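A.B. asks: Submitted below is the structure of interest, expressed as structure tokens.
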Amino acid sequence: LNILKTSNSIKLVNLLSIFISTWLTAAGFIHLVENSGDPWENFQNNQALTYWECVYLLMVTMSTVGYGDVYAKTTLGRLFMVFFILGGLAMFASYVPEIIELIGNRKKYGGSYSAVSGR
Amino acid sequence: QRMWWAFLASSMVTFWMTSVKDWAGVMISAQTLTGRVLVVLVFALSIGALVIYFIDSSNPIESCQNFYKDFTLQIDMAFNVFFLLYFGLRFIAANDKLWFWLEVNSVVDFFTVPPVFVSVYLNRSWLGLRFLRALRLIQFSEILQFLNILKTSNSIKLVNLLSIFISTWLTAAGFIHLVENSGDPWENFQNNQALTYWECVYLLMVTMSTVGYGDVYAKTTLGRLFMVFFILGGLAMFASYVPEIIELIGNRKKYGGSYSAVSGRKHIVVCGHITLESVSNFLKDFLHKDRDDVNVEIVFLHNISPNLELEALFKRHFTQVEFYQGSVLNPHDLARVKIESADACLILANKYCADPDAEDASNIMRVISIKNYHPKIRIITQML
Amino acid sequence: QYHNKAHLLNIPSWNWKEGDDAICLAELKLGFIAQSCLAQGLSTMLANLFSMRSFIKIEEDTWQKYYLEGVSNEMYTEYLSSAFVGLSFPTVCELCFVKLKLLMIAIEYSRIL
Amino acid sequence: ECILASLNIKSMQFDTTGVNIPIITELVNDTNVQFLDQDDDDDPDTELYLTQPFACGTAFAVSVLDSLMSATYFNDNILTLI
Amino acid sequence: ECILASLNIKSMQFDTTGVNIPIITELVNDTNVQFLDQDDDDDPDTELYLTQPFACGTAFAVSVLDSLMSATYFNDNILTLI
């Protein structure tokens with residue numbers, strides 16, 4: 001749909017779009033399943049967690065930091081968070097990001113020249 | 001109470017000749033189907049013995065022998081008898097006696113079944129210590145090969161490494177759960193923490209994945225004194241083991257497999273030197289819109305794996321092109337690509353080679369191989 | 001190569017009489033081809049007398065069964081009985097064939113005849 | 001070049017066709033045998049010594065000479081006889 | 001080539017063998033000294049100045065002469081004696 005062509009556009013299309021899509025879909029699923037409550041335990045330990053804290057908790061789970069401010073208080077949620085840990089640090093650590101380190105940096109002096117008159 | 005000496009004395013302190021022996025128990029020779037199903041039986045039996053897992057741990061604590069249970073303990077009693085007869089056959093086939101008492105399988109068996117013997121001779125069975133039995137499970141690659149599910153050399157090492165990773169992780173979690181439910185003996189377990197088998201597994205996961213949430217911790221002193229060494233060692237093993245799994249994730253044979261024929265629509269075969277500019281020049285003149293009849297399937301063929309942007313070219317040209325891997329001089333490969341109903345078979349020849357005659361002899365070689373396989377298809381080849 | 005067998009022979013502790021034998025690939029290959037120029041098929045016939053193959057039966061009455069019965073044969077060296085001294089080489093040849101289906105091709109005389 | 005020359009010799013005609021000249025060809029890749037003859041059951045899995053060209057004697061290779069090491073180890077005079 | 005020449009002159013046969021023929025040689029790799037003689041306990045651990053070839057004087061090397069600078073910094077021997 002007529003976006004400026006530099007191939008940085010296609011790079012961001014093939015990296016940041018999929019990364020963002022996966023991040024927010026994981027956040028939404030974890031929000032729904034955590035607020036759903038325990039299925040076979042009569043829904044007792046349904047925590048009052050919303051999207052903002054879910055996103056922050058997912059980012060803390062990702063990378064390496066170990067903040068214990070918020071965590072999964074249910075067995076199913078904890079095990080599935082282990083599954084996201086495996087899936088993330090496999091796929092989005094050894095399939096996608098090598099392209100992002102292969103991009104490196106942009107052009108160094110790729111400007112132009114404007115002929116200032118009189119010289 | 002806390003009669004751990006009975007298990008310690010039975011295991012730690014204790015540290016018609018061939019009518020049935022070579023007839024049935026063939027491990028090294030692996031001759032008879034009796035021995036084959038015997039190894040199958042011990043594998044499935046170890047799996048079933050370990051199936052108790054957290055639903056066993058979540059149920060009430062260890063007590064005296066009951067009468068009615070969810071699962072009958074007598075099946076596990078027969079399992080122990082089965083393992084004991086295995087230990088007897090290994091003892092009569094021990095060869096070197098000292099190496100027999102040294103070997104890991106014998107020592108782990110002598111660790112695991114004498115607790116069940118204690119349960120046999122006294123109705124005071126202990127639920128713990130009977131979950132770290134993944135050493136038998138570490139090798140199902142032999143089962144997979146015997147069942148011919150997987151036979152390639154690029155998957156056997158991968159499944160071995162995955163198996164031993166999973167087994168070591170599970171047994172570490174089991175020993176940690178034992179430590180948690182144990183407590184300090186010199187403190188008479190007055191500092192013990194109460195946790196089911198579930199949480200220890202995810203604690204091991206968050207230690208391995210260097211996250212460490214910290215919602216629950218290693219309160220026990222000797223537990224913490226073991227996690228220090230575990231963090232020292234398991235991370236080193238993990239970092240040593242990635243370098244011979246990264247390529248097996250990567251070197252996996254892509255664009256393989258056979259072809260599925262679709263009736264009523266023809267297809268041509270293109271083999272030879274294929275590179276981005278050449279396939280572009282072929283595609284942009286074969287699939288041009290003004291030529292109405294384009295309803296043929298342009299299957300490709302080459303030996304080396306495709307790379308660069310050819311994969312993306314085929315991706316955007318989804319319904320019109322395919323690809324396969326394998327040389328054209330192999331009749332099995334030619335049968336796989338299914339040229340037996342091919343309308344024609346084009347060939348692309350290199351025109352930038354330093355020696356023109358070698359490539360042209362190669363093209364002649366392709367033609368004679370193809371015509372030898374199927375003697376009536378139509379070939380349109382290049383020359384230099 | 002055949003221009004290095006001399007270099008190998010020049011080694012002080014090399015005794016080809018004892019049994020230290022060096023196989024020259026070019027010599028044997030080109031000898032096989034050249035002798036096949038005299039009689040066609042001798043190359044493959046000689047090449048099939050060393051591959052230690054067992055007998056395989058084919059019931060299709062094609063040439064496979066005959067050629068496989070051919071390749072099933074091999075060759076060995078063995079001392080012979082003492083009853084054959086004053087007799088002649090053709091005599092022991094025909095006697096051995098007609099009695100136990102064994103045929104000789106050479107004897108040690110030092111020298112091989 | 002060897003397969004091309006063999007094909008040319010076997011195909012070129014005379015004043016009598018060209019299938020009666022005898023040719024012995026040296027080969028280095030055993031899988032290339034199937035191109036030397038046209039009426040045979042081609043199979044890359046089949047070993048050399050069961051193939052029609054090798055049986056006819058119109059082919060040869062250096063790969064079949066590995067057996068001579070074991071043969072001459074077991075029998076001392078075999079190499080001298082050969 | 002040098003090692004082969006030495007072995008050949010030792011292995012020459014006369015009507016009386018070549019193993020008693022006086023000969024010295026020249027070598028550039030001091031680890032190659034062991035092949036020169038066979039009635040010896042050829043061991044790679046021993047230094048060059050101790051092996052049987054040098055001990056008998058039937059070998060030499062340029063690398064031995066690298067101690068000349070150290071032995072001449074303290075004296076005047078190279079000026080006259082050598």
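Scheme for the structure tokens: letters A, B, ... for chains in order shown; per-chain residue numbers from 1; ligand numbers from 1 in order shown.
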Could you tell me which residues of chain D sit within 8 Å of chain C when counting only C-alpha atoms, and give me the result as a list in words?
C.D. replies: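 So the contacting residues turn out to be residues 24, 49, 54, 55, 56, 57, 58, 60, 62, 64, 65, 67, 68, 69, 71, 75, 76, 77, 79 and 81 of chain D.
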A.B. asks: Report as a ChimeraX atom specification the set of chain A residues whose atoms approach chain B to within 6 Å, with distances computed over only C-alpha atoms.
C.D. replies: /A:64-68
A.B. asks: Could you superimpose chain D onto chain E using all C-alpha atoms, paired one by one in order, and tell me the resulting RMSD in Å?
C.D. replies: 1.1 Å
A.B. asks: Where does chain D meet chain B within 9 Å, residue by residue, with the nearest atom pair and distance in Å to one decimal for each, counting only C-alpha atoms, listed by chain and rising number, as JSON lines?
C.D. replies:
{"residue": "D:1", "atom": "CA", "partner": "B:361", "partner_atom": "CA", "distance": 7.6}
{"residue": "D:3", "atom": "CA", "partner": "B:365", "partner_atom": "CA", "distance": 8.7}
{"residue": "D:4", "atom": "CA", "partner": "B:361", "partner_atom": "CA", "distance": 7.9}
{"residue": "D:32", "atom": "CA", "partner": "B:329", "partner_atom": "CA", "distance": 8.9}
{"residue": "D:34", "atom": "CA", "partner": "B:369", "partner_atom": "CA", "distance": 8.4}
{"residue": "D:35", "atom": "CA", "partner": "B:369", "partner_atom": "CA", "distance": 6.9}
{"residue": "D:38", "atom": "CA", "partner": "B:372", "partner_atom": "CA", "distance": 7.0}
{"residue": "D:42", "atom": "CA", "partner": "B:331", "partner_atom": "CA", "distance": 7.8}
{"residue": "D:43", "atom": "CA", "partner": "B:331", "partner_atom": "CA", "distance": 7.5}
{"residue": "D:44", "atom": "CA", "partner": "B:330", "partner_atom": "CA", "distance": 7.4}
A.B. asks: Quick one: write out the picked residues with C-alpha atoms as a PDB file, in the first residue's frame?
C.D. replies:
ATOM      1  CA  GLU D   1      34.892 -39.146 -21.701  1.00  0.00           C
ATOM      2  CA  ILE D   3      31.301 -43.424 -21.293  1.00  0.00           C
ATOM      3  CA  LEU D   4      31.040 -41.105 -24.302  1.00  0.00           C
ATOM      4  CA  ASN D  32      28.231 -45.358 -13.516  1.00  0.00           C
ATOM      5  CA  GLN D  34      24.265 -48.557 -15.794  1.00  0.00           C
ATOM      6  CA  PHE D  35      25.149 -46.061 -18.547  1.00  0.00           C
ATOM      7  CA  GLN D  38      21.129 -50.356 -22.408  1.00  0.00           C
ATOM      8  CA  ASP D  42      19.389 -50.852 -13.541  1.00  0.00           C
ATOM      9  CA  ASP D  43      19.797 -50.682  -9.764  1.00  0.00           C
ATOM     10  CA  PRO D  44      22.288 -48.558  -7.783  1.00  0.00           C
TER      11      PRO D  44
END
A.B. asks: Taking the chain letters and numbering used in this document, name the residues of chain E that DSSP puts in alpha helix (DSSP H), as a list in words.
C.D. replies: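 The alpha helix (DSSP H) residues within chain E come out as residues 2, 3, 4, 5, 6, 7, 8, 9, 10, 11, 52, 53, 54, 55, 56, 68, 69, 70, 71, 72, 73, 77, 78, 79 and 80 of chain E.
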A.B. asks: Write a file of the selected residues as a JSON list (two decimals), in the first residue's frame, keeping C-alpha atoms.
C.D. replies:
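Written out: selection.json:
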[["chain", "number", "residue", "atom", "x", "y", "z"],
["E", 2, "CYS", "CA", 68.28, -38.24, 2.44],
["E", 3, "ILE", "CA", 66.89, -40.88, 4.80],
["E", 4, "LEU", "CA", 66.18, -43.20, 1.88],
["E", 5, "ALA", "CA", 69.68, -42.69, 0.49],
["E", 6, "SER", "CA", 71.24, -43.55, 3.85],
["E", 7, "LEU", "CA", 69.07, -46.65, 4.22],
["E", 8, "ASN", "CA", 69.91, -47.75, 0.68],
["E", 9, "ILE", "CA", 73.68, -47.42, 1.08],
["E", 10, "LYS", "CA", 73.37, -49.33, 4.36],
["E", 11, "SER", "CA", 71.28, -52.00, 2.59],
["E", 52, "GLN", "CA", 72.91, -43.13, 18.81],
["E", 53, "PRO", "CA", 73.43, -41.48, 15.37],
["E", 54, "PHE", "CA", 74.97, -38.33, 16.82],
["E", 55, "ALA", "CA", 76.80, -40.38, 19.45],
["E", 56, "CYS", "CA", 78.46, -42.47, 16.75],
["E", 68, "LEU", "CA", 77.66, -20.57, 19.02],
["E", 69, "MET", "CA", 76.44, -17.08, 19.91],
["E", 70, "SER", "CA", 76.13, -17.93, 23.59],
["E", 71, "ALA", "CA", 79.48, -19.72, 23.60],
["E", 72, "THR", "CA", 81.22, -16.83, 21.82],
["E", 73, "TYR", "CA", 79.81, -13.95, 23.85],
["E", 77, "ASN", "CA", 87.20, -19.18, 20.46],
["E", 78, "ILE", "CA", 85.63, -18.53, 17.06],
["E", 79, "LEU", "CA", 88.30, -15.96, 16.18],
["E", 80, "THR", "CA", 91.12, -18.51, 16.16]]
A.B. asks: Residues near stretch 66-77 of chain B, anyone? I mean within 10 Å using only C-alpha atoms, not counting same-chain ones fewer than 3 positions away, as a PDB file with C-alpha atoms, in the first residue's frame.
C.D. replies:
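Output saved as selection-v8.pdb:
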ATOM      1  CA  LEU B  45       7.534 -51.751  32.663  1.00  0.00           C
ATOM      2  CA  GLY B  48       4.545 -47.903  33.918  1.00  0.00           C
ATOM      3  CA  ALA B  49       6.441 -47.974  37.216  1.00  0.00           C
ATOM      4  CA  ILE B  52       2.745 -42.933  39.364  1.00  0.00           C
ATOM      5  CA  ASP B  56       0.909 -40.532  43.503  1.00  0.00           C
ATOM      6  CA  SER B  63       1.481 -45.183  55.434  1.00  0.00           C
ATOM      7  CA  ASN B  80       9.952 -55.811  41.568  1.00  0.00           C
ATOM      8  CA  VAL B  81      10.062 -59.598  41.123  1.00  0.00           C
ATOM      9  CA  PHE B  82      10.696 -59.032  37.400  1.00  0.00           C
ATOM     10  CA  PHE B  83      13.565 -56.650  38.164  1.00  0.00           C
ATOM     11  CA  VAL B 113      14.273 -52.774  44.292  1.00  0.00           C
ATOM     12  CA  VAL B 116      10.345 -52.763  47.453  1.00  0.00           C
ATOM     13  CA  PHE B 117      11.755 -55.816  49.253  1.00  0.00           C
ATOM     14  CA  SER B 119       7.820 -53.192  51.497  1.00  0.00           C
ATOM     15  CA  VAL B 120       7.502 -56.950  50.878  1.00  0.00           C
ATOM     16  CA  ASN B 123       3.962 -53.240  55.566  1.00  0.00           C
TER      17      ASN B 123
END
A.B. asks: List as a list in words the protein and nucleic acid residues near residue B:142, meaning an atom at most 10 Å away when only C-alpha atoms are counted, but skip any in the same chain fewer than 4 places from it.
C.D. replies: residues 39, 40, 146, 147, 148, 150, 151, 156 and 160 of chain B
A.B. asks: With N, CA, C and O atoms retained, could you export that selection as an mmCIF file, in the first residue's frame?
C.D. replies:
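Written out: selection-v4.cif:
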data_model
loop_
_atom_site.group_PDB
_atom_site.id
_atom_site.type_symbol
_atom_site.label_atom_id
_atom_site.label_comp_id
_atom_site.auth_asym_id
_atom_site.auth_seq_id
_atom_site.Cartn_x
_atom_site.Cartn_y
_atom_site.Cartn_z
ATOM 1 N N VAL B 39 13.461 -56.749 26.158
ATOM 2 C CA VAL B 39 13.882 -55.358 26.320
ATOM 3 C C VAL B 39 12.685 -54.423 26.187
ATOM 4 O O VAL B 39 12.563 -53.429 26.919
ATOM 5 N N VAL B 40 11.777 -54.730 25.255
ATOM 6 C CA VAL B 40 10.546 -53.951 25.136
ATOM 7 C C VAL B 40 9.763 -53.993 26.445
ATOM 8 O O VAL B 40 9.240 -52.970 26.912
ATOM 9 N N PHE B 146 14.093 -50.599 16.423
ATOM 10 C CA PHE B 146 13.470 -51.916 16.332
ATOM 11 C C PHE B 146 12.056 -51.831 15.775
ATOM 12 O O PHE B 146 11.590 -52.775 15.128
ATOM 13 N N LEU B 147 11.364 -50.721 16.012
ATOM 14 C CA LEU B 147 10.040 -50.498 15.449
ATOM 15 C C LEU B 147 10.085 -49.745 14.125
ATOM 16 O O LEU B 147 9.030 -49.357 13.615
ATOM 17 N N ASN B 148 11.287 -49.512 13.584
ATOM 18 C CA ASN B 148 11.536 -48.909 12.266
ATOM 19 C C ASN B 148 10.775 -47.600 12.050
ATOM 20 O O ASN B 148 10.554 -47.185 10.907
ATOM 21 N N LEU B 150 11.920 -44.554 13.052
ATOM 22 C CA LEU B 150 12.992 -43.675 12.605
ATOM 23 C C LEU B 150 14.262 -44.496 12.453
ATOM 24 O O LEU B 150 14.612 -45.275 13.345
ATOM 25 N N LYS B 151 14.948 -44.321 11.323
ATOM 26 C CA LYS B 151 16.163 -45.069 11.037
ATOM 27 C C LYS B 151 17.304 -44.217 10.501
ATOM 28 O O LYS B 151 18.410 -44.742 10.337
ATOM 29 N N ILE B 156 19.070 -40.039 15.254
ATOM 30 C CA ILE B 156 19.402 -40.921 16.369
ATOM 31 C C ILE B 156 20.146 -40.158 17.461
ATOM 32 O O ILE B 156 19.817 -40.264 18.649
ATOM 33 N N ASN B 160 18.809 -39.270 21.211
ATOM 34 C CA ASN B 160 19.610 -39.664 22.366
ATOM 35 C C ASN B 160 19.848 -38.480 23.295
ATOM 36 O O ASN B 160 19.662 -38.580 24.516
#
A.B. asks: Please provide as a ChimeraX atom specification all residues within 12 Å of stretch 72-77 of chain A, with the sequence filter that same-chain residues fewer than 6 positions apart are discarded (counting only C-alpha atoms).
C.D. replies: /A:29-41,43-49,53-54,57-58,61,83-84 /B:54,196-203,213-216
A.B. asks: Please produce an output containing N, CA and C atoms for each residue in the selection, written as a tab-separated table (two decimals), in the first residue's frame.
C.D. replies:
chain	number	residue	atom	x	y	z
A	29	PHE	N	-3.65	-14.59	25.88
A	29	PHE	CA	-3.98	-15.94	26.30
A	29	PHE	C	-3.70	-16.13	27.79
A	30	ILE	N	-2.55	-15.63	28.26
A	30	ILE	CA	-2.23	-15.82	29.67
A	30	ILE	C	-3.19	-15.02	30.55
A	31	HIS	N	-3.63	-13.85	30.09
A	31	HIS	CA	-4.61	-13.07	30.84
A	31	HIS	C	-5.92	-13.84	30.97
A	32	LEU	N	-6.42	-14.37	29.85
A	32	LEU	CA	-7.68	-15.09	29.88
A	32	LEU	C	-7.59	-16.35	30.74
A	33	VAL	N	-6.51	-17.12	30.57
A	33	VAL	CA	-6.42	-18.38	31.30
A	33	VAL	C	-6.16	-18.15	32.78
A	34	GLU	N	-5.48	-17.06	33.14
A	34	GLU	CA	-5.23	-16.80	34.55
A	34	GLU	C	-6.47	-16.26	35.25
A	35	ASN	N	-7.23	-15.39	34.58
A	35	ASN	CA	-8.47	-14.92	35.18
A	35	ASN	C	-9.59	-15.94	35.11
A	36	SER	N	-9.45	-16.98	34.28
A	36	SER	CA	-10.47	-18.02	34.21
A	36	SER	C	-10.60	-18.76	35.54
A	37	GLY	N	-9.48	-19.05	36.19
A	37	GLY	CA	-9.48	-19.79	37.44
A	37	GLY	C	-9.22	-21.27	37.23
A	38	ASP	N	-9.10	-21.97	38.35
A	38	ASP	CA	-8.81	-23.40	38.32
A	38	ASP	C	-10.02	-24.16	37.78
A	39	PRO	N	-9.88	-24.91	36.69
A	39	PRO	CA	-11.05	-25.57	36.08
A	39	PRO	C	-11.64	-26.67	36.94
A	40	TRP	N	-10.80	-27.56	37.46
A	40	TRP	CA	-11.27	-28.69	38.24
A	40	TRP	C	-11.24	-28.43	39.74
A	41	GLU	N	-10.86	-27.23	40.17
A	41	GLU	CA	-10.88	-26.85	41.58
A	41	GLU	C	-11.91	-25.75	41.85
A	43	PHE	N	-12.73	-23.09	40.49
A	43	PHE	CA	-12.33	-21.71	40.20
A	43	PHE	C	-12.18	-20.89	41.49
A	44	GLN	N	-11.21	-21.30	42.31
A	44	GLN	CA	-10.98	-20.65	43.59
A	44	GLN	C	-9.87	-19.61	43.54
A	45	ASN	N	-8.74	-19.92	42.90
A	45	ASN	CA	-7.55	-19.08	42.94
A	45	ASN	C	-7.42	-18.20	41.71
A	46	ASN	N	-8.53	-17.71	41.18
A	46	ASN	CA	-8.51	-16.80	40.04
A	46	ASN	C	-7.96	-15.45	40.47
A	47	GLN	N	-6.72	-15.16	40.08
A	47	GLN	CA	-6.07	-13.92	40.48
A	47	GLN	C	-6.66	-12.73	39.73
A	48	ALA	N	-6.58	-11.56	40.36
A	48	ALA	CA	-7.08	-10.32	39.77
A	48	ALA	C	-5.97	-9.66	38.95
A	49	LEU	N	-5.64	-10.31	37.84
A	49	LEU	CA	-4.58	-9.86	36.95
A	49	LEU	C	-5.19	-9.33	35.65
A	53	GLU	N	-0.28	-5.71	33.75
A	53	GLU	CA	0.58	-6.55	34.56
A	53	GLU	C	0.88	-7.87	33.87
A	54	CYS	N	-0.04	-8.38	33.05
A	54	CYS	CA	0.26	-9.59	32.28
A	54	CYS	C	1.40	-9.35	31.30
A	57	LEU	N	4.65	-9.00	33.33
A	57	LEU	CA	5.07	-10.31	33.82
A	57	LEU	C	5.63	-11.15	32.69
A	58	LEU	N	5.04	-11.06	31.50
A	58	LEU	CA	5.55	-11.82	30.36
A	58	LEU	C	6.93	-11.33	29.95
A	61	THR	N	9.33	-12.63	32.53
A	61	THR	CA	9.56	-14.04	32.24
A	61	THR	C	10.54	-14.20	31.09
A	83	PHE	N	6.21	-23.88	29.12
A	83	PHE	CA	6.12	-24.14	27.68
A	83	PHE	C	6.44	-22.89	26.85
A	84	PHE	N	5.93	-21.73	27.26
A	84	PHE	CA	6.35	-20.49	26.59
A	84	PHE	C	7.84	-20.23	26.74
B	54	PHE	N	3.04	-37.43	39.97
B	54	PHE	CA	2.52	-36.48	40.94
B	54	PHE	C	1.16	-36.91	41.49
B	196	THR	N	4.52	-30.40	46.92
B	196	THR	CA	4.25	-31.57	46.11
B	196	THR	C	5.25	-31.65	44.95
B	197	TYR	N	5.21	-32.77	44.22
B	197	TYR	CA	6.18	-33.02	43.16
B	197	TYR	C	6.07	-32.03	42.01
B	198	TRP	N	4.96	-31.30	41.91
B	198	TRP	CA	4.76	-30.38	40.80
B	198	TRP	C	5.80	-29.26	40.83
B	199	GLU	N	5.84	-28.50	41.93
B	199	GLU	CA	6.57	-27.24	41.97
B	199	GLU	C	8.07	-27.42	41.78
B	200	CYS	N	8.62	-28.55	42.22
B	200	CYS	CA	10.05	-28.79	42.08
B	200	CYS	C	10.46	-28.82	40.61
B	201	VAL	N	9.60	-29.37	39.75
B	201	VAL	CA	9.91	-29.48	38.33
B	201	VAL	C	10.03	-28.09	37.70
B	202	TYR	N	9.05	-27.22	37.95
B	202	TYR	CA	9.15	-25.88	37.39
B	202	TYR	C	10.24	-25.05	38.06
B	203	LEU	N	10.59	-25.37	39.31
B	203	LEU	CA	11.74	-24.71	39.91
B	203	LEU	C	13.03	-25.10	39.20
B	213	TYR	N	12.31	-17.05	39.37
B	213	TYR	CA	11.23	-16.15	39.79
B	213	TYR	C	11.31	-15.85	41.28
B	214	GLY	N	11.59	-16.86	42.10
B	214	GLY	CA	11.73	-16.65	43.53
B	214	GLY	C	10.45	-16.66	44.32
B	215	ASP	N	9.32	-17.02	43.71
B	215	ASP	CA	8.08	-17.13	44.46
B	215	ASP	C	8.19	-18.19	45.55
B	216	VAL	N	8.79	-19.33	45.23
B	216	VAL	CA	9.18	-20.32	46.22
B	216	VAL	C	10.66	-20.61	46.03
A.B. asks: Near residue C:90, counting only C-alpha atoms, which residues have an atom at most 12 Å away, once you skip same-chain residues fewer than 3 positions from it, shown as JSON, numbers by chain?
C.D. replies: {"C": [84, 87, 93, 94, 95, 96, 97, 103, 104, 105, 106]}
A.B. asks: Give me the residues within 12 Å of residue A:24 as a PyMOL selection string, counting only C-alpha atoms and dropping any in the same chain fewer than 2 places off.
C.D. replies: chain A and resi 17-22+26-31+51-52+54-56+58-59
A.B. asks: For the structure I just gave you, how does DSSP split stretch 14-65 of chain D - specifically, which residues are strand (DSSP E)? Reply as a list in words.
C.D. replies: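 The strand (DSSP E) subset of stretch 14-65 of chain D is residues 26, 27, 60 and 61 of chain D.
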A.B. asks: Could you work out how far atom CA of residue D:29 lies from atom CA of residue B:345, giving the answer in Å with one decimal?
C.D. replies: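 Separation of atom CA of residue B:345 and atom CA of residue D:29: 26.3 Å.
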